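Engineer:
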Amino acid sequence: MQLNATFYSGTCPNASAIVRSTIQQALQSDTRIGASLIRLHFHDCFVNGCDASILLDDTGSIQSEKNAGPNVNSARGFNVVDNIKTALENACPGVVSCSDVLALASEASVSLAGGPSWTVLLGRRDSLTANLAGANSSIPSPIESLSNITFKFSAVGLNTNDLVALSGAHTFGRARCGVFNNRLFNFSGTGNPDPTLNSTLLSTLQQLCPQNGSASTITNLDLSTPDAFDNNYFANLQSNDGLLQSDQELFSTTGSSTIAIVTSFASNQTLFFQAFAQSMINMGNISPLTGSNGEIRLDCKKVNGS
Ligand code: HEM
Ligand SMILES: [Ca+2]
Ligand SMILES: [Ca+2]
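Per the authors' numbering, residue 0 is the first one in the sequence shown, and the count goes up by one each step.
What follows is the structure, given as structure tokens:
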């Protein structure tokens with residue numbers, strides 16, 4: 000059973016519209032929501048495939064993924080996912096799955112943010128279980144080596160091209176102090192700050208994230224255009240303005256093939272969009288539940304019958 004773009008064509012003709020419409024409203028009170036929703040789709044596909052398992056909440060038997068290191072005090076926008084699901088539920092009762100919902104939301108979010116559009120493949124069914132442990136070992140960390148990070152991407156089915164391109168989703172969105180302050184004062188026990196981090200920026204961050212201050216203070220992943228989906232994320236890397244250690248590693252790791260891909264995207268926005276749109280379909284195609292597998296949740300937070 001293969002995913003396709005006209006799967007809900009006869010049952011929910013305007014699904015793409017409803018999703019877009021809802022998000023564009025949420026974007027009225029939260030410019031950040033665009034980047035938050037796409038990340039959820041990211042975290043969903045890297046664990047047990049794109050099955051919307053990340054949306055399930057804790058119950059006696061379900062150990063919610065929302066608690067894995069990557070998600071706890073980080074993942075957000077679940078309330079909006081429900082608003083999207085509700086709209087879809089009024090217009091199209093029991094039709095659209097939460098898995099497809101996150102896939103559709105990702106496209107709409109990038110789109111409204113000024114980014115590319117792409118034919119979204121639908122037909123995913125919702126899982127009946129979550130995977131907390133797998134979320135802790137399958138999702139890459141910003142302090143992991145470019146090597147370690149590449150590996151985890153191979154494990155789900157994405158290559159180096161998919162890596163650099165999908166890393167551009169950091170062109171907008173936020174990140175807390177705790178996920179990068181390691182580069183601000185004593186980087187890897189050397190007594191000094193990460194040398195691949197621009198000097199001007201470093202200072203601004205040492206103030207934003209003092210050694211004893213809150214680890215949950217946030218800043219923009221892209222100091223250039225915090226909410227616009229453009230190719231600046233890569234321009235930033237060239238100036239050593241990459242926020243996350245994983246970000247800069249894509250460009251400042253001498254002798255890596257990722258360097259040409261980065262300079263390519265920072266040089267031509269069309270290429271980046273094409274590659275990105277491409278790598279987004281690819282990630283959406285990971286281990287999906289189809290046919291008689293999984294179900295179509297009426298409420299994304301729990302399994303039906305619960
Ligand atoms: C290659 C490895 C990656 C690493 C190490 C990584 C790491 C992170 C971290 C640590 C944050 C900040 C979370 C926080 O501070 O609470 C973040 C935010 C974000 N990431 Fe990634 N990320 C990666 C790949 C991706 C991919 C593939 C996408 C999507 C296609 C993505 C989309 C986002 C977005 C849009 C945000 C902002 C979310 C928000 O502002 O709420 N990330 N990422
Ligand atoms: Ca998942
Ligand atoms: Ca941007």
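All residues carry an ideal CB built from backbone N, CA and C; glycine is no exception.
Below 8 Å CB to CB, which residues in the same chain sit around residue 12 once its five sequence neighbours on both sides are set aside?
Structural biologist: By one-based count along the sequence shown, residue 12 stands at place 13. Result list for residue 12: empty, nothing under 8 Å.
Engineer: Any idea if residue 0 is buried or exposed, counting beta-carbon neighbours within 10 angstroms, 16 or more meaning buried?
Structural biologist: Reading the sequence shown from its first residue, position 1 is the one you call residue 0. Classification of residue 0: exposed, given that the 10 Å Cβ count is below 16.
Engineer: Evaluate contact between the stretch 84-100 and the stretch 146-159, counting only Cβ atoms and requiring at least three cross-stretch pairs below 8 Å.
Structural biologist: Result no; under three Cβ-Cβ pairs closer than 8 Å.
Engineer: Report the partner residues of residue 222 according to the DSSP bridge assignment.
Structural biologist: Residue 222 sits at position 223 when you count from the first residue of the sequence shown. Partner(s): none; residue 222 has no beta bridge.
Engineer: Residues bridged to residue 125 by DSSP?
Structural biologist: Within the sequence shown, the letter at position 126 stands for residue 125. Answer is 294.
Engineer: Hey, residue 247 and residue 254 are a contact pair by Cβ (cut 8 Å); roughly how many whole angstroms apart?
Structural biologist: Reading the sequence shown from its first residue, position 248 is the one you call residue 247. Reading the sequence shown from its first residue, position 255 is the one you call residue 254. Actually they do not touch by this definition, with Cβ atoms about 15 Å apart.
Engineer: So the beta strand (DSSP E) residue 175 belongs to, where does it begin and stop?
Structural biologist: Taking the first residue of the sequence shown as 1, we reach residue 175 at position 176. Run containing residue 175: 173-175, per the beta strand (DSSP E) assignment.
Engineer: Taking only heavy atoms of ligand 2 into account, decide whether any of them is closer than 7 Å to the Cβ of residue 52.
Structural biologist: For this step, residue 52 is matched to residue 53 along the sequence shown. Indeed, a heavy atom of ligand 2 lies less than 7 Å from the Cβ.
Engineer: Could you check what DSSP says for residue 231 in three-state terms: helix, strand or coil?
Structural biologist: Within the sequence shown, numbered from 1, the residue matching residue 231 stands at position 232. Three-state result, residue 231: helix.
Engineer: Going straight from the alpha carbon of residue 239 to that of residue 195, what length do you get?
Structural biologist: Position 240 of the sequence shown, counting from 1, holds the residue named residue 239. Position 196 of the sequence shown, counting from 1, holds the residue named residue 195. Rounded to the nearest angstrom, the two C-alpha atoms are 6 Å apart.
Engineer: Figure out for me which residue from 296, 224, 131 has the closest Cα to the Cα of residue 47.
Structural biologist: Position 48 of the sequence shown holds residue 47. Residue 131 is the option with its Cα nearest to residue 47.
Engineer: Is the stretch 167-186 close to the stretch 205-219, with three or more CB pairs under 8 Å?
Structural biologist: Flag = yes, the stretch 167-186 and the stretch 205-219 touch.
Engineer: With respect to the alpha helix (DSSP H) encompassing residue 35, which residues constitute its N-terminal and C-terminal limits?
Structural biologist: Position 36 of the sequence shown, counting from 1, holds the residue named residue 35. Where residue 35 is concerned, the enclosing alpha helix (DSSP H) stretches over 32-44.
Engineer: Just list the residues that DSSP pairs residue 288 with in beta bridges.
Structural biologist: Translated into positions along the sequence shown, residue 288 becomes position 289. 124.
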